Amino acid sequence: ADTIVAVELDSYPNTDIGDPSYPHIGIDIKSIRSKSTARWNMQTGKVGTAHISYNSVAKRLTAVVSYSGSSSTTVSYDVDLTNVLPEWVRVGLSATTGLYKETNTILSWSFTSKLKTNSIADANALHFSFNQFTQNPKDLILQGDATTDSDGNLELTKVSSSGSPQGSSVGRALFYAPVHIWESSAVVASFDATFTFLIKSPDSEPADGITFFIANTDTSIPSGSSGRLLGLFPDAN
Amino acid sequence: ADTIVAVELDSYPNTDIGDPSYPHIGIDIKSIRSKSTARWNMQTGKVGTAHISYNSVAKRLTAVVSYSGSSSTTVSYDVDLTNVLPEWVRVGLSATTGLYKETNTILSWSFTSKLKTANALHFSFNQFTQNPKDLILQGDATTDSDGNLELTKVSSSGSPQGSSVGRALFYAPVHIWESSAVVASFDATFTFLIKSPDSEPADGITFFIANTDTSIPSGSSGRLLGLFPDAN
Amino acid sequence: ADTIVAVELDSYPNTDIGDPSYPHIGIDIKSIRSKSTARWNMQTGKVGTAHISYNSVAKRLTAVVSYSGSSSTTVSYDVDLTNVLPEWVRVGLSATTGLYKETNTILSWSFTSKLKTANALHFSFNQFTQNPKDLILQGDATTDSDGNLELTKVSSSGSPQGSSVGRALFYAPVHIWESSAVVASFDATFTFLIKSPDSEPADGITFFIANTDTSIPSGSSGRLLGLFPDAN
Amino acid sequence: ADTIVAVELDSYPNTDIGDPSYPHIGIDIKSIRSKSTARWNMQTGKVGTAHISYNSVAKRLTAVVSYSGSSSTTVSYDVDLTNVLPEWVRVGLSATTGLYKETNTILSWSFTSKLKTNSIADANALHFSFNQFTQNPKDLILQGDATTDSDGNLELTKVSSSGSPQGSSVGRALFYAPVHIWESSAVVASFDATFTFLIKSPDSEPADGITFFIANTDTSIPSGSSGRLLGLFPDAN
Ligand SMILES: [Ca+2]
Ligand SMILES: [Ca+2]
Ligand SMILES: [Ca+2]
Ligand SMILES: [Ca+2]
Ligand SMILES: [Mn+2]
Ligand SMILES: [Mn+2]
Ligand SMILES: [Mn+2]
Ligand SMILES: [Mn+2]
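Method-wise, the PDB entry is recorded as coming from X-ray crystallography, at a reported resolution of 1.800 Å.

Printed below as a string of structure tokens:
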């Protein structure tokens, strides 16, 4: 199986598999069942911003999700990611819809990682920033249903021509370049990511959610990972 | 008094004022008596790197110090800096020598702060000019002909003097919190070369963040690392 | 006098002092009489973005100014900043109104300078604090709520006043060049909102780089864009 | 064929293909016959640094190669790269040896590209920085003889176990992610690249050279590109 660490923006409470009973954000380490969650006062139709950060010293993976004009939801979880993830990962966004649906539209996404090893000055680094997405985002690995639309947005899950979300969709976008997040001599590794996202839905209870995730580089959408498993895991273990 | 948060690289154990009894790195929050420390296996005469990180979501200030080929030392401390520091600060490096001495040479120093929403401030020196107009040099701090920042006095032959204190603040105030940023974060790194003729060098060097008008407190020499007026 | 290099977004032709006869962007080196200009199809009431860059290897200072959905205006001029500016500078935005007027509202401003192979400075404001401690506001410049930098005076409803001059300098000096640097470069962008009820708005705004102690020169009102004491 | 733009550090004068009669740096636009050259006081055995910059408003591609105790050499070329390169490219370093040889060791390599538009927020940025190269650099595409060695260096051309450069070698390393180097509606696109390199040679006249280059994303070492073609071009046209 893949090895996944993710920050989930989980619209739909699958109490069935451990979600809290409300939309929430969560930090997922090798399981869809979040190690930590926070209630998320999700607002459809309004652009949200997620900022996710980690450094290997603090070993604290944190996420905050906010919309202008509203209180942010924060969740953090202490985890030494280097003991969970391989040295090389890819980073990506995933989203699914299921029986209930929503757009999982990413309007921008940036990411910066640094890997500082003891014997070198400066920290290898990788940064990418998209304030919009091309038609052909050659630097993204689009998995599943993910595509970019006319408007320059990355629709992780299928939307119609007019942008209306489809059910039972799963899509991910990984940044093309593997990211080096640890190494034998590493002193400190960190990464920060932000994305903005627009979740719209005609459903009164939208689903399923959007994640930023980090994975083995050859990560692919697991079989059976649709819907509540957020395109990340093959089961709800 | 100033409001100080610092990561100290404390070479000299003043067990007196609650240092652990070995060189250590520490997170200091409004006191020289670190809120968290970790044994620092110093390597006098070798270039060290320190990296210090915080973000307001994680609320964990951490530092790691390392040398080439060496195991690192880390220390972290849960702290919400927005409850501690004013929203505008200056960041700086400080160092002292005391009865024992050491060079407190900073070879490089970078800092990035973000207040996201995305104000950012980043500087990086891999060398310091003779006249570093973007530093506020306080106390004994100078830059030398190598473009190194000598936080404490060293003789013309690079020999460190005792009873020295010096700091260098970055010139621009840093906006580290604001009533509506969603997250504020900063990271700092510096490389330093502590050499000493002494069996147990002293006293230490720090990266610190302070009220913008921070200045070396009177009495802050030696074990007070140029940061605090007393050991409270 | 100060030493000024500037990219001017000059709304108002003062052909008397060598403006071309249309709104134009310009590269000014030590004189309001731009060394190079390009026609600027202003779009009053629309947010514009200006990107200015320079690299000491290319020795070309360039600026482009665009509004969303419209063709950009670009102007470049070969210049060796190290023969023009002191090595330490402050960078800033200036703007003026004179007989005619416009808002010179800066909504965001970022800047990055590097000296390789040594220094970097970067700052970015997506909004400006009510009290931007890291800006030196000169003349009439203020920040409003809405978090904008109003370089020139606007009424409490935001209507621009004439005969205003305002500048904002980033607080830290920037080491814009240095003799042993292999490359010096910098990049700046700002977005601005010029609105005016005048059918011939004026006068303009600039991003400029100056000796660190630069101040609004006397008589630099209006067509002098807050940068120069005369039109030489 | 590939579309190549490169800054060559050309140790070896192939005057038969228009090289000047001395080591030189050059800006190559779709040809090994550089559009502009500058005499390069190559400092064998010393680490050099190259800085390359371009931006589409200035439209000047420039490079400086310096060492810490002689050269600078600078070369620039006015070129609108949106008219030369595809909008998506990979960026890389290449180097070759021929009959004569030299190490083409890269000690560090950084690159930043931006596509800027109507915000202080890039429409896109890509930055990477390697101050050392891992033994399995998953974010590099190593082509030809390029490998990383045990010192953390990227040896673009073959070096023996003793570190002795071999002749007839070509190697390139591309950053893994395509870079959107321009785009129809970007207001400004720019890139900067820096790398440090160490050319050592036991030859009286080391050869052949090393480049930083930008190419179609699917660029490969042209057959017939060894030696004076620097791994970039299929011929000397
Ligand atoms: Ca769920
Ligand atoms: Ca002590
Ligand atoms: Ca004018
Ligand atoms: Ca040649
Ligand atoms: Mn969940
Ligand atoms: Mn201590
Ligand atoms: Mn003018
Ligand atoms: Mn050549």
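Next comes the rest of the account.
1. Topic: the overall build of chain B
Looking only at helices and strands, chain B features zero helices and 16 strands. Taken over C-alpha atoms, the radius of gyration comes to 16 Å for chain B, in line with the 17 Å a tight globule of 232 residues would show. Each principal axis of the C-alpha distribution contributes one length, and for chain B these read about 50 × 40 × 40 Å. Looking at the 232 residues of chain B, the share that counts as buried comes to 64%.

2. Structural notes on the interface of chain A and chain D
Each partner contributes to the interface: chain A provides 27 residues, whereas chain D provides 25 residues. Interface area for chain A against chain D, summed over the two sides, is near 2200 Å², with a carbon-plus-sulfur share of 53%. Area buried by chain A at its contact with chain D is led by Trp88(A), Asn124(A) and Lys138(A), which between them contribute 26% of it. Secondary-structure elements contributing two or more residues to the side of chain A that touches chain D are strand 7 (88-96) and strand 9 (124-130) of chain A. With seven residues, the top contributor of residues to the side of chain A that touches chain D is strand 9 of chain A. Among the residues making up the side of chain A that touches chain D, the classes are represented as 13 nonpolar, nine polar and five charged. For strand 9 of chain A and strand 9 (residues 124-130) of chain D, the ladder comprises six bridges, and the chain directions are antiparallel.

3. Here's the deal with unusual backbone geometry
Going from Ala202(B) to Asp203(B), the amide bond is cis rather than trans, its omega being 0°. Mapped onto the secondary structure, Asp203(B) falls in the loop between strand 15 (183-193) and strand 16 (204-211). Of note, the bond from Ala207(D) into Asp208(D) is cis; its omega dihedral lies within 30 degrees of zero at -5°. Relative to the elements of secondary structure, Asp208(D) occurs in the loop between strand 15 (188-198) and strand 16 (209-215). Look at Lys30(B): it is not a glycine, yet its phi comes out positive at around 65°. With respect to the helices, strands and loops of the structure, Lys30(B) is situated in the loop between strand 2 (24-29) and strand 3 (36-39). Positive phi values are uncommon outside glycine, yet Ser163(B) reaches one of about 50°.

4. Concerning the interface of chain C and chain B
Counting from both sides, the interface comprises 23 residues of chain C and, opposite them, 23 residues of chain B. Summing both partners gives a buried area of about 1900 Å² for chain C against chain B, and 54% of it is carried by carbon and sulfur. At the boundary of chain C and chain B, one finds zero salt bridges. Remark: the boundary between chain C and chain B carries 10 residue pairs in polar contact. Among the elements of the structure, strand 7 (88-96) and strand 9 (119-125) of chain C are those that each provide at least two residues to the side of chain C that touches chain B. Looking at the side of chain C that touches chain B element by element, the count peaks at seven residues for strand 9 of chain C. Tallied by class, the residues present in the side of chain C that touches chain B amount to 11 nonpolar, nine polar and three charged.

5. A closer look at the relation of the copies chain C and chain B
The two copies are related by a screw motion: chain C maps onto chain B through a turn of 179° and a shift of 0.0 Å along the axis, at an RMSD of 0.3 Å. On the angle and the small slide along the axis, the relation comes out as a two-fold axis. When you check the interface residues of chain C against chain B, 96% turn up at the interface there too, and the contact is symmetric in its surfaces.

Rules and cut-offs
Each chain carries its own residue count, running from 1 in the order of its written sequence; this scheme can depart from the entry numbering, and residues that have no coordinates do not appear. Chains carry letters from A onward and ligands carry numbers from 1 onward, assigned in written order. Think of the side-chain values as coming from all heavy atoms in the structure, minus any hydrogens and water. Numbering of helices and strands runs from the N terminus; a helix is a DSSP stretch of H or I covering at least four residues, while a strand is a stretch of E covering at least two. We compute the radius of gyration from the C-alpha atoms alone; for a globule the expected value is 2.2 Å times N to the 0.38, where N is the number of residues. Using a 1.4 Å probe on the protein chains alone, a residue whose accessible area is under 20% of its type maximum counts as buried, one over 50% counts as exposed, and one in between counts as partly exposed. Only heavy atoms matter for contacts: two residues are in contact if any of them lie within 4.5 Å across the pair. Summed over both partners, buried area is the accessible surface (1.4 Å probe) that two parts give up on being assembled. When residues are sorted by character, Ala, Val, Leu, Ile, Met, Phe, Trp, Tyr, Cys and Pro go into the nonpolar class, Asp, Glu, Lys and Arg into the charged class, and all the rest, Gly among them, into the polar class. For two strands to pair, DSSP has to find at least two bridges joining them. The working definition used for a salt bridge is a side-chain nitrogen of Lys or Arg within 4 Å of a carboxyl oxygen of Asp or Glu. Two N or O atoms form a polar contact when they lie within 3.5 Å of each other; inside protein one atom must be a possible hydrogen donor and the other a possible acceptor, and for residues adjacent in sequence the pair counts only when both atoms belong to side chains. Alignment of the copies rests on a least-squares superposition of C-alpha atoms.

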